[PDB]
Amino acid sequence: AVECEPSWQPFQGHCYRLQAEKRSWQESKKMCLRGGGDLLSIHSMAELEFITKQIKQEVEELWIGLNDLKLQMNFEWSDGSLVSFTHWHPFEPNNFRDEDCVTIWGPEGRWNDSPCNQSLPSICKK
């Protein structure tokens, strides 16, 4: 049957890849699009735990697809899927820097809104 490309890891119907190179959020998204995917969306605790345990691993902070670029304080996934699940750090999102793109950081995989021009690794989903 159909499989992920080499170096993409399968999970619950989709393929996942850590992009190690540090880029801005938009640059990370463009790289995912070039590979036929998009930035990671996370729709369940089970998918979050796969991400932190197998994809992110020791990497401390990376971009995912959540963002409020279009409408402040209304976060959406760049890939167009529904926001059915969130895992924010306490008091995030806080739109501190005047922050419209979302990172995962820390061992529990909780999320933070960050300046989009920060260079960080990312995760694509396919």
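Residues carry their position along the shown sequence, with the first being 1.
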| property | result |
| --- | --- |
| Sequence continuity check, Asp98 and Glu99 (deposited residues unmodelled) | 1 to 3 |
| Comparing 66 to 74 with 37 to 45, the one whose average Cα B-factor in the PDB entry is higher | 66 to 74 |
| Modelled-residue ranking by C-alpha temperature factor, third containing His87 | lowest |
| Third of the chain's Cα B-factor distribution that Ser24 belongs to, per the entry | middle |
| Ranked against its chain, the third holding the CA B-factor of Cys116 | highest |
| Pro107, C-alpha B-factor rank within chain (lowest, middle or highest third) | highest |
